[PDB]
Amino acid sequence: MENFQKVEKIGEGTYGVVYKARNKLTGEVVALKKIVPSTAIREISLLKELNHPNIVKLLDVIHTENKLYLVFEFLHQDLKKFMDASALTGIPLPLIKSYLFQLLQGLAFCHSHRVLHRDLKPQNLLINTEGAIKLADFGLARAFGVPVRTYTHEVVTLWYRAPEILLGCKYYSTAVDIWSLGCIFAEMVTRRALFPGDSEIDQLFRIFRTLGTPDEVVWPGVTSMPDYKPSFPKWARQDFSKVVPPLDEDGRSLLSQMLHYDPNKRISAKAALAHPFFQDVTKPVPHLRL
Ligand SMILES: Fc1ccccc1-c1cc(NCc2ccncc2)n2nccc2n1
């Protein structure tokens, strides 16, 4: 750690403080994350090779005196701040589309290596002045787990959590990231979180109020999952035209596929990239005030 000068705290992450820092040597500006069982070290070490333009680069791992630090490529802003700033007029559809397209490429690459994110949210989707967006903290959930509360006791949000996780599936898949990204897509479009649950049941019931209570017809095997209760209320599914106006039919079609209940049938990142919604994708440059 003597090789880095902390510049400022840029966030309180799931696992510890996140700092902007400078490599006293090279002068490189990085993000430094404070987080060790050998299994966790091996998993993190493998992430050093999971390189892609839409994945925040893991530069190095420092483990000294039993304290662990991850060193990442630095990006200047997150999607949460950008959405808050763009709220009066909303993020233009071409930019939402470019961001969704890029995020799907990051997911497709990681998922091809069977690496999950598991905790996508606006706070870990990072943007630069060039119109790129990148996913931060990919693979960390498998290495360290996803706790109920962060190191600062902050509640880890449930808003983007896939229903199979909430229903107690032990061996959930890459589909959980597609669900989270669908929730984020809806939020960019409407300027409001889609499912802002404040407990596991409120999260689950919010999903059900919009998408309908799942049953054996739409999700074969759902009634067998650990946390499924036959006493869940039965809500009817809402039309997406009500849920995400004024998104066009291509976007609604893709969203509906990203929010399928049955994880085996939820669209993959690779298939989503081919959806007609991306026929006219471009790469606009966002207005960033840093
Ligand atoms: F991914 C994260 C989760 C939670 C907290 C921070 C992060 C977080 C935030 C950033 N940069 C964005 C930024 C820059 C300056 N001020 C604020 C944010 N960065 N940059 C690389 C990793 C990272 N992780």
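Here, each number is a calculation from the coordinates, and none is a lab measurement. Ideal geometry is used to build each Cβ from the backbone, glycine not excepted, and the neighbour counts take in all protein chains shown.
Looking at region 35-93, which of its residues are part of a helix (DSSP H, G or I) and polar (S, T, N, Q)?
Just the residues of region 35-93 that are part of a helix (DSSP H, G or I), to begin with: 38-47, 79-85, 93.
Passing the criteria: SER38, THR39, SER45.
Determine the pairs where a residue that is closer than 16 Å to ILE165 by Cα and within 10 Å of the ligand (Cβ to nearest atom), located within region 115-130, has a partner that is of a type in the set (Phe, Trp, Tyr) and not in a strand (DSSP E or B) with Cβ atoms under 8 Å apart, the partner being 6 or more residues away or on another chain.
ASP119/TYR160; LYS121/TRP159; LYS121/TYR160
Is it true that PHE101 is surrounded by 17 or more Cβ atoms within 10 Å (Cβ to Cβ) and in contact with a helix residue (DSSP H, G or I) (Cβ under 7 Å, 6 or more places away or on another chain)?
Details: surrounded by 17 or more Cβ atoms within 10 Å (Cβ to Cβ): yes; in contact with a helix residue (DSSP H, G or I) (Cβ under 7 Å, 6 or more places away or on another chain): yes.
Answer is yes for this residue.
Against the definition (polar (S, T, N, Q), within 19 Å of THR282 (Cα to Cα) and out of contact with any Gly (no Cβ under 8 Å at 6 or more places or on another chain)), how does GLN77 come out, yes or no? Don't jump to the end; show me each part of the working.
Values: polar (S, T, N, Q): yes; within 19 Å of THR282 (Cα to Cα): no; out of contact with any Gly (no Cβ under 8 Å at 6 or more places or on another chain): yes.
Answer is no for this residue.
Say we look at region 67-80 and pick out the residues that are within 13 Å of the ligand (Cβ to nearest atom) and under 24 Å from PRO147 (Cα atoms); which of these is surrounded by the fewest Cβ atoms within 10 Å (Cβ to Cβ)? Walk me through it before giving the result.
Taking region 67-80 first, the residues within 13 Å of the ligand (Cβ to nearest atom) are 69-80.
Checking which are under 24 Å from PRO147 (Cα atoms) leaves us with 69-72, 78-80.
Details: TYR69: 18, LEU70: 25, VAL71: 20, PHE72: 19, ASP78: 20, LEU79: 22, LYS80: 14.
Taking the candidates together, the pick is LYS80.
Scan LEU58, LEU50 and give me the residue that is under 21 Å from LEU135 (Cα atoms) and either over 18 Å from the mean Cα position of the chain (by Cα) or within 14 Å of the ligand (Cβ to nearest atom) (or both). Break it down into steps so the answer makes sense when it comes.
Details: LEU50 fails: either over 18 Å from the mean Cα position of the chain (by Cα) or within 14 Å of the ligand (Cβ to nearest atom) (or both).
Unique residue meeting the criteria: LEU58.
Can you pull out every residue in region 204-220 that is of a type outside the set (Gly, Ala, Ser) and either within 15 Å of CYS169 (Cβ to Cβ) or assigned to a loop (DSSP other than H, G, I, E, B) (or both)? Explain how you work it out, then say what you get.
Let us first name the residues in region 204-220 that are of a type outside the set (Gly, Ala, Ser), namely 204-211, 213-220.
Selection gives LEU204, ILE207, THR213, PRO214, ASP215, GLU216, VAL217, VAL218, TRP219, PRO220.
Could you list, in sequence order, the residues of region 133-143 that are more than 11 Å from the ligand (Cβ to nearest atom), in a helix (DSSP H, G or I) and touching a strand residue (DSSP E or B) at 6+ places or on another chain (Cβ under 9 Å)? Steps first, answer last, please.
If we filter region 133-143 for residues that are more than 11 Å from the ligand (Cβ to nearest atom), which is where we start, we get 133, 139, 141-143.
The next check asks that each one be in a helix (DSSP H, G or I); those that pass are 141-143.
Hits for region 133-143: nothing passes.
Within region 13-66, restricting attention to residues that are among the small types (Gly, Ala, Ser) and within 19 Å of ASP78 (Cβ to Cβ), which residue is surrounded by the fewest Cβ atoms within 10 Å (Cβ to Cβ)? Walk me through it before giving the result.
Residues of region 13-66 that are among the small types (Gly, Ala, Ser), as a first pass: 13, 16, 21, 27, 31, 38, 40, 45.
Going one step further and asking which of them are within 19 Å of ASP78 (Cβ to Cβ), we end up with 13, 16, 21, 31.
Working: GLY13: 22, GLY16: 18, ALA21: 22, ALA31: 21.
Within region 13-66, the match that is surrounded by the fewest Cβ atoms within 10 Å (Cβ to Cβ) is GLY16.
Would you pick out the residues in region 166-193 that are hydrophobic (A, V, I, L, M, F, W, C) and either out of contact with any helix residue (DSSP H, G or I) (no Cβ under 7 Å at 6 or more places or on another chain) or within 14 Å of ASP262 (Cβ to Cβ) (or both)? Quick ask: steps written out before the conclusion?
Of all residues in region 166-193, those hydrophobic (A, V, I, L, M, F, W, C) come to 166-167, 169, 175-176, 178-179, 181, 183-186, 188-189, 193.
Within region 166-193, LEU167, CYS169, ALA175, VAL176, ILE178, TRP179, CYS183 meet the criteria.
Any idea which of (1) assigned to a helix (DSSP H, G or I); (2) more than 14 Å from the ligand (Cβ to nearest atom); (3) out of contact with any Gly (no Cβ under 7 Å at 6 or more places or on another chain) is the one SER98 doesn't satisfy?
(3)
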